[PDB]
$ cat run30.txt   # compact mmCIF, C-alpha atoms
# COMPACT_ATOMS: atom_id res chain seq x y z
CA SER U 1 -74.91 35.25 -56.25
CA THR U 2 -71.13 34.99 -56.53
CA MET U 3 -71.31 31.70 -54.61
CA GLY U 4 -73.39 30.19 -57.40
CA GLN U 5 -70.93 31.50 -59.98
CA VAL U 6 -67.94 29.91 -58.24
CA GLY U 7 -69.74 26.58 -57.86
CA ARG U 8 -70.69 26.61 -61.55
CA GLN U 9 -67.04 27.21 -62.44
CA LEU U 10 -65.96 24.35 -60.19
CA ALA U 11 -68.40 22.05 -62.00
CA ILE U 12 -66.64 22.82 -65.31
CA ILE U 13 -63.22 22.16 -63.76
CA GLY U 14 -64.43 19.07 -61.88
CA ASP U 15 -65.95 17.55 -65.02
CA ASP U 16 -62.76 18.34 -66.94
CA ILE U 17 -60.67 16.53 -64.30
CA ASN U 18 -63.09 13.59 -64.38
CA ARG U 19 -63.00 13.61 -68.20
CA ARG U 20 -59.22 13.76 -68.39
CA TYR U 21 -58.15 11.07 -65.90
CA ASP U 22 -61.13 8.79 -65.08
CA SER U 23 -60.50 6.18 -67.77
CA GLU U 24 -56.74 6.45 -67.20
CA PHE U 25 -57.32 5.64 -63.53
CA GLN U 26 -59.41 2.56 -64.39
CA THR U 27 -56.78 1.54 -66.94
CA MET U 28 -54.12 1.81 -64.21
CA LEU U 29 -56.28 -0.26 -61.85
CA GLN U 30 -56.99 -2.91 -64.52
CA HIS U 31 -53.23 -3.51 -64.64
CA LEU U 32 -52.56 -3.00 -60.92
CA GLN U 33 -55.10 -5.70 -59.93
CA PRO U 34 -55.91 -4.60 -56.36
CA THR U 35 -57.89 -6.85 -54.03
CA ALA U 36 -59.44 -6.36 -50.61
CA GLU U 37 -56.42 -8.26 -49.26
CA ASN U 38 -53.84 -5.91 -50.79
CA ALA U 39 -55.90 -2.72 -51.22
CA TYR U 40 -54.63 -1.10 -48.03
CA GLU U 41 -51.06 -2.15 -48.80
CA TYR U 42 -51.23 -0.93 -52.41
CA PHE U 43 -52.79 2.40 -51.48
CA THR U 44 -50.29 3.28 -48.77
CA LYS U 45 -47.26 2.17 -50.81
CA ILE U 46 -48.51 4.08 -53.86
CA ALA U 47 -48.98 7.10 -51.59
CA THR U 48 -45.41 6.79 -50.30
CA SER U 49 -44.02 6.58 -53.83
CA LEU U 50 -46.18 9.52 -54.90
CA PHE U 51 -45.20 11.85 -52.04
CA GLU U 52 -41.49 11.02 -51.95
CA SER U 53 -41.16 13.30 -54.99
CA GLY U 54 -43.02 16.08 -53.17
CA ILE U 55 -46.46 17.19 -52.08
CA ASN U 56 -48.95 19.82 -53.25
CA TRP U 57 -52.73 19.85 -53.17
CA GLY U 58 -52.90 18.49 -56.73
CA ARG U 59 -50.98 15.36 -55.76
CA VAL U 60 -53.15 14.92 -52.67
CA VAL U 61 -56.47 15.07 -54.53
CA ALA U 62 -55.09 12.93 -57.38
CA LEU U 63 -54.43 10.24 -54.77
CA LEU U 64 -57.90 10.64 -53.25
CA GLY U 65 -59.56 10.35 -56.64
CA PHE U 66 -57.44 7.32 -57.49
CA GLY U 67 -58.27 5.81 -54.09
CA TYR U 68 -61.98 6.26 -54.76
CA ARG U 69 -61.44 4.38 -58.02
CA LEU U 70 -59.39 1.72 -56.22
CA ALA U 71 -62.28 1.09 -53.83
CA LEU U 72 -64.87 0.72 -56.61
CA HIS U 73 -62.52 -1.64 -58.46
CA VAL U 74 -62.19 -3.83 -55.36
CA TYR U 75 -65.97 -3.90 -54.91
CA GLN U 76 -66.52 -4.59 -58.61
CA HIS U 77 -64.16 -7.58 -58.52
CA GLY U 78 -65.51 -8.90 -55.21
CA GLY N 1 -48.66 -5.58 -60.95
CA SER N 2 -47.21 -5.69 -57.45
CA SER N 3 -43.96 -4.23 -58.80
CA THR N 4 -45.79 -1.22 -60.30
CA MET N 5 -46.36 0.64 -56.99
CA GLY N 6 -43.56 3.05 -57.85
CA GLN N 7 -44.83 3.45 -61.41
CA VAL N 8 -48.38 4.18 -60.22
CA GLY N 9 -47.05 6.63 -57.64
CA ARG N 10 -45.03 8.44 -60.31
CA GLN N 11 -48.05 8.50 -62.62
CA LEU N 12 -50.20 10.10 -59.91
CA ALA N 13 -47.37 12.58 -59.28
CA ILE N 14 -47.54 13.57 -62.97
CA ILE N 15 -51.33 13.83 -62.81
CA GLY N 16 -51.26 15.71 -59.51
CA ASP N 17 -48.67 18.20 -60.76
CA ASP N 18 -50.74 18.67 -63.92
CA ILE N 19 -53.86 19.39 -61.84
CA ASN N 20 -51.91 21.80 -59.62
CA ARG N 21 -50.42 23.50 -62.70
CA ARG N 22 -53.81 23.90 -64.41
CA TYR N 23 -55.88 25.20 -61.49
CA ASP N 24 -53.79 26.55 -58.57
CA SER N 25 -53.48 30.05 -60.03
CA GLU N 26 -57.06 29.85 -61.32
CA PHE N 27 -58.34 29.09 -57.81
CA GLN N 28 -56.33 31.96 -56.33
CA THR N 29 -57.83 34.37 -58.85
CA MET N 30 -61.35 33.14 -58.05
CA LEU N 31 -60.63 33.75 -54.36
CA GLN N 32 -59.41 37.30 -55.02
CA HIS N 33 -62.85 38.08 -56.45
CA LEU N 34 -64.66 36.17 -53.70
CA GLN N 35 -62.66 37.77 -50.83
CA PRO N 36 -63.34 35.15 -48.13
CA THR N 37 -62.60 35.75 -44.46
CA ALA N 38 -62.61 33.63 -41.33
CA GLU N 39 -66.11 34.94 -40.57
CA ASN N 40 -67.70 33.90 -43.89
CA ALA N 41 -65.44 31.00 -44.93
CA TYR N 42 -67.81 28.28 -43.73
CA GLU N 43 -70.85 29.89 -45.34
CA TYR N 44 -68.95 30.51 -48.59
CA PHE N 45 -67.63 26.95 -48.79
CA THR N 46 -70.98 25.28 -48.12
CA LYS N 47 -72.87 27.60 -50.50
CA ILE N 48 -70.29 26.95 -53.23
CA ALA N 49 -70.53 23.19 -52.64
CA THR N 50 -74.34 23.19 -52.93
CA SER N 51 -74.18 25.12 -56.22
CA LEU N 52 -71.48 22.72 -57.42
CA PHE N 53 -73.38 19.50 -56.71
CA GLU N 54 -76.76 20.90 -57.79
CA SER N 55 -75.93 19.79 -61.35
CA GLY N 56 -74.36 16.48 -60.32
CA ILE N 57 -71.47 14.78 -58.53
CA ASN N 58 -68.45 12.76 -59.58
CA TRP N 59 -65.02 12.31 -58.04
CA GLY N 60 -63.67 15.10 -60.25
CA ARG N 61 -66.11 17.63 -58.83
CA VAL N 62 -65.28 16.44 -55.31
CA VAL N 63 -61.51 16.85 -55.76
CA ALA N 64 -62.00 20.25 -57.43
CA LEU N 65 -63.99 21.38 -54.37
CA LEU N 66 -61.33 20.02 -52.01
CA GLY N 67 -58.50 21.75 -53.85
CA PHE N 68 -60.50 24.98 -53.96
CA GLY N 69 -61.29 24.68 -50.25
CA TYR N 70 -57.62 24.17 -49.47
CA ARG N 71 -56.81 27.40 -51.32
CA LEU N 72 -59.75 29.09 -49.57
CA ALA N 73 -58.26 28.11 -46.20
CA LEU N 74 -54.89 29.55 -47.22
CA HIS N 75 -56.55 32.75 -48.50
CA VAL N 76 -58.42 33.15 -45.21
CA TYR N 77 -55.19 32.73 -43.26
CA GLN N 78 -53.49 35.41 -45.38
CA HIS N 79 -56.36 37.86 -44.85
CA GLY N 80 -55.96 37.29 -41.10
CA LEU N 81 -52.38 38.60 -41.30

$ encode --input "run30.txt" --output "structure tokens"
Amino acid sequence: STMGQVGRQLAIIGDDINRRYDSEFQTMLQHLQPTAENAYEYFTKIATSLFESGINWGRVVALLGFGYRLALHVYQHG
Amino acid sequence: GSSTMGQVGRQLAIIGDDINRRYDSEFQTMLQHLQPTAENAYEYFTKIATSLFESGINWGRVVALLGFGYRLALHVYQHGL
């Protein structure tokens, strides 16, 4: 009942997050040029730079979404 | 490219703060209606996730669920006090 309603609301929010930042992620990765060799180094150094200005759940999940994109980029260019 | 690690980190900080700004209060309001507890938190989270992904999945839906679940955990802790 209310569980379905919350999940439906999260789908709206989730799609709006995807819509708002997905192409901007891939644009960032197109310029970053990560490879399997540097992917771990890039991700952990980007994380350090990100979190040195602070941490909240939004920053954490932004990094996870970006990391998902970083992985697909590495596979796509492999 | 290699010298952009700081720039990318700052850009994700902007995006992360934007996401937190847009939805943190919204999630807390949703949880006030839902009233989760330690005893139903697992059932609530998994039922909400199934309803979420029933219409599809992308990384945005996944991070929305994770952020919501983080706030759910905090709400459960507060109810326990």

$ residues_around --input "run30.txt" --residues "region 8-17 of chain U" --least-positions-apart "3" --cutoff "10 Å" --atoms "only C-alpha atoms" --output "ChimeraX atom specification"
/U:2-5,20-22,62,65 /N:15,19,22-23,27,30,48-65,68

$ write_last_selection --input "run30.txt" --atoms "C-alpha atoms" --output "PDB file, in the coordinates of the input"
ATOM      1  CA  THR U   2     -71.130  34.990 -56.530  1.00  0.00           C
ATOM      2  CA  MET U   3     -71.310  31.700 -54.610  1.00  0.00           C
ATOM      3  CA  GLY U   4     -73.390  30.190 -57.400  1.00  0.00           C
ATOM      4  CA  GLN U   5     -70.930  31.500 -59.980  1.00  0.00           C
ATOM      5  CA  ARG U  20     -59.220  13.760 -68.390  1.00  0.00           C
ATOM      6  CA  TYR U  21     -58.150  11.070 -65.900  1.00  0.00           C
ATOM      7  CA  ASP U  22     -61.130   8.790 -65.080  1.00  0.00           C
ATOM      8  CA  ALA U  62     -55.090  12.930 -57.380  1.00  0.00           C
ATOM      9  CA  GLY U  65     -59.560  10.350 -56.640  1.00  0.00           C
TER      10      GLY U  65
ATOM     11  CA  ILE N  15     -51.330  13.830 -62.810  1.00  0.00           C
ATOM     12  CA  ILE N  19     -53.860  19.390 -61.840  1.00  0.00           C
ATOM     13  CA  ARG N  22     -53.810  23.900 -64.410  1.00  0.00           C
ATOM     14  CA  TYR N  23     -55.880  25.200 -61.490  1.00  0.00           C
ATOM     15  CA  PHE N  27     -58.340  29.090 -57.810  1.00  0.00           C
ATOM     16  CA  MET N  30     -61.350  33.140 -58.050  1.00  0.00           C
ATOM     17  CA  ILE N  48     -70.290  26.950 -53.230  1.00  0.00           C
ATOM     18  CA  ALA N  49     -70.530  23.190 -52.640  1.00  0.00           C
ATOM     19  CA  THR N  50     -74.340  23.190 -52.930  1.00  0.00           C
ATOM     20  CA  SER N  51     -74.180  25.120 -56.220  1.00  0.00           C
ATOM     21  CA  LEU N  52     -71.480  22.720 -57.420  1.00  0.00           C
ATOM     22  CA  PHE N  53     -73.380  19.500 -56.710  1.00  0.00           C
ATOM     23  CA  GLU N  54     -76.760  20.900 -57.790  1.00  0.00           C
ATOM     24  CA  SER N  55     -75.930  19.790 -61.350  1.00  0.00           C
ATOM     25  CA  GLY N  56     -74.360  16.480 -60.320  1.00  0.00           C
ATOM     26  CA  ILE N  57     -71.470  14.780 -58.530  1.00  0.00           C
ATOM     27  CA  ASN N  58     -68.450  12.760 -59.580  1.00  0.00           C
ATOM     28  CA  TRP N  59     -65.020  12.310 -58.040  1.00  0.00           C
ATOM     29  CA  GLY N  60     -63.670  15.100 -60.250  1.00  0.00           C
ATOM     30  CA  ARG N  61     -66.110  17.630 -58.830  1.00  0.00           C
ATOM     31  CA  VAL N  62     -65.280  16.440 -55.310  1.00  0.00           C
ATOM     32  CA  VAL N  63     -61.510  16.850 -55.760  1.00  0.00           C
ATOM     33  CA  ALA N  64     -62.000  20.250 -57.430  1.00  0.00           C
ATOM     34  CA  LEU N  65     -63.990  21.380 -54.370  1.00  0.00           C
ATOM     35  CA  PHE N  68     -60.500  24.980 -53.960  1.00  0.00           C
TER      36      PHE N  68
END

$ residues_around --input "run30.txt" --residues "residue 10 (chain N)" --least-positions-apart "3" --cutoff "10 Å" --atoms "all atoms listed in the file" --output "NGL selection string"
(:U and (46-47 or 49-53)) or (:N and (4-7 or 13-16))

$ residues_around --input "run30.txt" --residues "residue 78 (chain N)" --least-positions-apart "3" --cutoff "12 Å" --atoms "all atoms listed in the file" --output "compact mmCIF listing (two decimals) with C-alpha atoms, keeping the file's coordinate frame"
# COMPACT_ATOMS: atom_id res chain seq x y z
CA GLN N 28 -56.33 31.96 -56.33
CA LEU N 31 -60.63 33.75 -54.36
CA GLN N 32 -59.41 37.30 -55.02
CA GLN N 35 -62.66 37.77 -50.83
CA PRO N 36 -63.34 35.15 -48.13
CA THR N 37 -62.60 35.75 -44.46
CA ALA N 38 -62.61 33.63 -41.33
CA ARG N 71 -56.81 27.40 -51.32
CA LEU N 72 -59.75 29.09 -49.57
CA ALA N 73 -58.26 28.11 -46.20
CA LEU N 74 -54.89 29.55 -47.22
CA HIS N 75 -56.55 32.75 -48.50
CA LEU N 81 -52.38 38.60 -41.30

$ atom_distance --input "run30.txt" --atom1 "CA of residue 40 (chain U)" --atom2 "CA of residue 61 (chain U)"
17.5 Å

$ closest_residue --input "run30.txt" --among "N:25, N:20, N:3, N:11" --to "residue 25 (chain U)" --atoms "all atoms listed in the file"
N:11

$ closest_residue --input "run30.txt" --among "U:37, U:57, U:70, U:27" --to "chain N" --atoms "all atoms listed in the file"
U:57

$ atom_distance --input "run30.txt" --atom1 "CA of residue 26 (chain U)" --atom2 "CA of residue 77 (chain U)"
12.6 Å

$ atom_distance --input "run30.txt" --atom1 "CA of residue 19 (chain U)" --atom2 "CA of residue 8 (chain N)"
19.1 Å

$ decode --input "run30.txt" --residues "region 24-74 of chain N" --atoms "N, CA and C atoms" --output "short mmCIF file (atom, residue, chain, number, x, y, z; two decimals), in the first residue's frame"
data_model
loop_
_atom_site.label_atom_id
_atom_site.label_comp_id
_atom_site.auth_asym_id
_atom_site.auth_seq_id
_atom_site.Cartn_x
_atom_site.Cartn_y
_atom_site.Cartn_z
N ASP N 24 16.90 15.63 0.70
CA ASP N 24 17.05 15.23 2.11
C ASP N 24 15.79 15.51 2.91
N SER N 25 15.27 16.74 2.83
CA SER N 25 14.05 17.04 3.57
C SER N 25 12.87 16.25 3.02
N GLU N 26 12.83 16.06 1.69
CA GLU N 26 11.75 15.30 1.07
C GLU N 26 11.72 13.86 1.58
N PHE N 27 12.89 13.24 1.69
CA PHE N 27 12.98 11.89 2.24
C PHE N 27 12.51 11.86 3.70
N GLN N 28 12.92 12.84 4.50
CA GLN N 28 12.50 12.84 5.90
C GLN N 28 10.99 12.97 6.02
N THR N 29 10.37 13.76 5.14
CA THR N 29 8.91 13.88 5.20
C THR N 29 8.25 12.56 4.81
N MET N 30 8.75 11.90 3.77
CA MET N 30 8.23 10.59 3.39
C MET N 30 8.32 9.61 4.55
N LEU N 31 9.41 9.67 5.32
CA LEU N 31 9.59 8.74 6.42
C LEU N 31 8.68 9.07 7.60
N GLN N 32 8.32 10.35 7.78
CA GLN N 32 7.35 10.69 8.82
C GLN N 32 5.98 10.09 8.53
N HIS N 33 5.59 9.99 7.25
CA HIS N 33 4.34 9.31 6.92
C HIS N 33 4.49 7.80 7.06
N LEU N 34 5.65 7.27 6.68
CA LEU N 34 5.85 5.83 6.65
C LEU N 34 6.00 5.24 8.05
N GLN N 35 6.60 6.01 8.97
CA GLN N 35 6.85 5.60 10.36
C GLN N 35 7.53 4.24 10.43
N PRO N 36 8.76 4.11 9.95
CA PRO N 36 9.48 2.84 10.08
C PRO N 36 10.03 2.66 11.49
N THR N 37 10.22 1.40 11.85
CA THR N 37 10.85 1.02 13.11
C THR N 37 11.92 -0.03 12.83
N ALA N 38 12.66 -0.39 13.88
CA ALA N 38 13.63 -1.47 13.73
C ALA N 38 12.95 -2.76 13.30
N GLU N 39 11.72 -2.99 13.77
CA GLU N 39 11.05 -4.26 13.53
C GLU N 39 10.51 -4.39 12.11
N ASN N 40 10.19 -3.29 11.44
CA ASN N 40 9.69 -3.36 10.08
C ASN N 40 10.62 -2.73 9.05
N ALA N 41 11.81 -2.28 9.45
CA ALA N 41 12.68 -1.54 8.53
C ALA N 41 13.11 -2.41 7.36
N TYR N 42 13.44 -3.67 7.61
CA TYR N 42 13.88 -4.53 6.52
C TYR N 42 12.74 -4.82 5.56
N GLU N 43 11.55 -5.10 6.09
CA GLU N 43 10.41 -5.35 5.22
C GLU N 43 10.04 -4.10 4.43
N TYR N 44 10.03 -2.94 5.08
CA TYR N 44 9.72 -1.69 4.39
C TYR N 44 10.72 -1.42 3.27
N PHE N 45 12.02 -1.56 3.55
CA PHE N 45 13.02 -1.23 2.55
C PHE N 45 12.91 -2.16 1.34
N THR N 46 12.77 -3.47 1.58
CA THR N 46 12.71 -4.39 0.44
C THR N 46 11.39 -4.26 -0.33
N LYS N 47 10.28 -3.97 0.35
CA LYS N 47 9.04 -3.74 -0.40
C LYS N 47 9.11 -2.46 -1.22
N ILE N 48 9.73 -1.42 -0.67
CA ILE N 48 9.86 -0.16 -1.42
C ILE N 48 10.77 -0.36 -2.63
N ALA N 49 11.85 -1.12 -2.46
CA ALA N 49 12.76 -1.39 -3.56
C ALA N 49 12.08 -2.17 -4.69
N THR N 50 11.26 -3.17 -4.35
CA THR N 50 10.59 -3.93 -5.40
C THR N 50 9.62 -3.05 -6.18
N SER N 51 8.85 -2.22 -5.48
CA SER N 51 7.97 -1.28 -6.17
C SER N 51 8.76 -0.30 -7.03
N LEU N 52 9.92 0.14 -6.53
CA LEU N 52 10.76 1.06 -7.30
C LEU N 52 11.21 0.43 -8.61
N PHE N 53 11.82 -0.75 -8.55
CA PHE N 53 12.40 -1.36 -9.74
C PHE N 53 11.38 -2.08 -10.61
N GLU N 54 10.13 -2.17 -10.17
CA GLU N 54 9.11 -2.82 -11.00
C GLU N 54 8.94 -2.11 -12.33
N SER N 55 9.14 -0.80 -12.37
CA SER N 55 9.02 -0.02 -13.60
C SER N 55 10.37 0.26 -14.24
N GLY N 56 11.45 -0.34 -13.75
CA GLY N 56 12.74 -0.16 -14.38
C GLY N 56 13.87 0.12 -13.42
N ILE N 57 15.09 0.17 -13.93
CA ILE N 57 16.26 0.41 -13.09
C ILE N 57 17.28 1.20 -13.89
N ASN N 58 17.85 2.21 -13.24
CA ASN N 58 19.01 2.94 -13.74
C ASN N 58 19.76 3.41 -12.51
N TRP N 59 20.97 3.94 -12.72
CA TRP N 59 21.79 4.29 -11.56
C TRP N 59 21.12 5.37 -10.72
N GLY N 60 20.29 6.22 -11.35
CA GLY N 60 19.59 7.24 -10.59
C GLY N 60 18.59 6.65 -9.61
N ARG N 61 17.84 5.63 -10.04
CA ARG N 61 16.92 4.97 -9.12
C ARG N 61 17.69 4.28 -8.00
N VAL N 62 18.83 3.68 -8.33
CA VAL N 62 19.62 3.00 -7.31
C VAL N 62 20.12 4.00 -6.26
N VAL N 63 20.65 5.15 -6.69
CA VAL N 63 21.19 6.08 -5.69
C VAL N 63 20.06 6.73 -4.90
N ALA N 64 18.89 6.97 -5.52
CA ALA N 64 17.73 7.45 -4.78
C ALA N 64 17.33 6.46 -3.68
N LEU N 65 17.33 5.15 -4.00
CA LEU N 65 17.00 4.15 -2.98
C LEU N 65 18.04 4.14 -1.86
N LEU N 66 19.31 4.28 -2.22
CA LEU N 66 20.37 4.25 -1.21
C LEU N 66 20.29 5.45 -0.28
N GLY N 67 20.09 6.64 -0.85
CA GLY N 67 19.89 7.83 -0.03
C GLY N 67 18.67 7.73 0.85
N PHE N 68 17.56 7.24 0.29
CA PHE N 68 16.36 7.02 1.10
C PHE N 68 16.63 6.01 2.22
N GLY N 69 17.31 4.91 1.90
CA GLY N 69 17.59 3.91 2.91
C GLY N 69 18.49 4.43 4.02
N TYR N 70 19.43 5.30 3.66
CA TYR N 70 20.26 5.94 4.67
C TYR N 70 19.40 6.76 5.62
N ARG N 71 18.47 7.57 5.07
CA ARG N 71 17.58 8.33 5.93
C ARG N 71 16.64 7.42 6.71
N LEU N 72 16.22 6.30 6.11
CA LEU N 72 15.40 5.34 6.84
C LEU N 72 16.15 4.81 8.06
N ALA N 73 17.41 4.44 7.88
CA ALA N 73 18.24 3.97 8.99
C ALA N 73 18.29 5.02 10.10
N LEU N 74 18.55 6.27 9.73
CA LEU N 74 18.59 7.34 10.73
C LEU N 74 17.23 7.52 11.41
#
